[PDB]
Amino acid sequence: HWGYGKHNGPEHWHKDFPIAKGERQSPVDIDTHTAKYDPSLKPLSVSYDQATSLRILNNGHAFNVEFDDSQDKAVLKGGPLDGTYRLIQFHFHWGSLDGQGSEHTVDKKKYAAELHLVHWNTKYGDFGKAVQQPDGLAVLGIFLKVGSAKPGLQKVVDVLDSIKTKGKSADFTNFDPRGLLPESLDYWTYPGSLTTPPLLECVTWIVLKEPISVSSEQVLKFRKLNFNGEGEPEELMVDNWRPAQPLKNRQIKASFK
Ligand SMILES: Cc1ccn(O)c(=O)c1
Ligand SMILES: [Zn+2]
């Protein structure tokens, strides 16, 4: 099955998931010079004050911090979006070295990691019906650079040793995702896809311009997780990023001058 190694990595995924070579695949390189300012975009609204985290899961590709999405609680709206999108989970993609790890790139620059806050369009009722639609998801992408620690990340980092291997989960209540956001909500946006199989083309991407800083010790702890299950040969969970895909017939719009 799919993964990020030599025999099952991104260059193989098209055989099981032909949409890998589709018309609106993600991630992409964001050419900042050619991303046009769009004065019709609204400011983004991130309303996370009532977010209810439940659990943290090592799914064998990343760790997901899961939310109760059964009520109207942690929503993204405004910006490029029509309607209301509800937070379901976040996770990260990261590198084996600080010089790589992000999926989107900015003028070919790779950041050390990328945070994805995944939301589904509430007009479709739940996540599973939303991934059957071209406007079913909105993913808020936030770059991570290595420098100062992010204090709001530390509760996540401390729980990782309890979910080292694939299939492990842990209770993870009362985590506030507002502590992972940068000061500015200036963003780029374009239509694209999930960046892991099943690679579905559902996503309005909203990628913030301002990265957050995490410490080298925080990202080192991400790199101690495992892609394998307990009792299987240890393969460190590193380099779980897909490289940039062809832009094709798409425009990237900027919310800022
Ligand atoms: C639903 C989904 C699956 C994989 N990734 O990376 C995402 O950002 C979102
Ligand atoms: Zn992701």
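Residues numbered from 1 in each chain as written, not as in the entry; some residues may be left out. Chains lettered and ligands numbered in written order. Heavy atoms only, no water.

By the method listed in its record, X-ray crystallography, this PDB entry was determined to a resolution of 1.50 Å.

**As for the nonpolar core**
Counting residues in each nonpolar core, the largest one holds 51 residues, and the members touching the most others are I56, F63, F90, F92, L140 and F222. Per-element accounting of this core gives the leading share, five residues, to strand β7 (residues 85-94). With 24 residues, the next largest nonpolar core counts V131, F143, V207 and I252 among its residues. (Core = buried A, V, L, I, M, F, W, Y, C linked by side-chain atoms within 4.5 Å. Buried < 20%, exposed > 50% of the residue type's maximum accessible area, 1.4 Å probe, protein only. Helix = DSSP H or I, 4+ residues; strand = E, 2+ residues; numbered from the N terminus.)

**Quick word on the site of ligand 1**
Taken together, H91, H93, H116, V118, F127, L194, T195 and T196 make up the full set of residues adjacent to ligand 1. The contact in question runs from an oxygen atom of ligand 1 to an N or O atom on the side chain of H91, over 3.0 Å. In this structure, an oxygen atom belonging to ligand 1 sits 3.1 Å away from a side-chain N or O atom of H116. Calculation on ligand 1 without its partners gives an accessible area of 270 Å², and the protein chains cover 88% of this total. Among the secondary structure elements, those contributing two or more residues to the shell around ligand 1 are β7 and β9 (113-121). Its residues placed into classes, the shell around ligand 1 shows three nonpolar, five polar and no charged. (Near = heavy atom within 4 Å. Polar contact = N/O pair within 3.5 Å; in protein donor to acceptor, adjacent residues only side chain to side chain. Areas by Shrake-Rupley, 256 points an atom, 1.4 Å probe, with all protein chains shown as cover. Nonpolar A, V, L, I, M, F, W, Y, C, P; charged D, E, K, R; others polar.)

**Side note on the packing of aromatic side chains**
Per the counting criterion, the structure on display carries 15 aromatic pairs. On the basis of an interplanar angle of 75° and a centroid distance of 5.9 Å, the ring pair of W2 and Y4 is categorised as edge-to-face. This pair shows no difference in class: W2 is buried, exactly as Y4 is. Centroid distance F63 to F92: 5.6 Å. Interplanar angle 45°. Geometry classified as tilted. One end of the pair, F63, is in strand β5 (residues 63-67); the other, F92, is in strand β7, with 29 residues separating them in the sequence. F92 carries the same exposure label as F63, and that label is buried. In this structure an aromatic cluster arises from ring pairing among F63, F67, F90, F92, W94, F172, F175 and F222. The ring of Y111 carries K109 above its face, with NZ or CZ at 4.8 Å from the centroid. (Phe/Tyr/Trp six-rings, centres within 6.5 Å; stacked < 30°, edge-to-face > 60°. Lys NZ or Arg CZ within 6 Å of the ring centre and 35° of its normal.)

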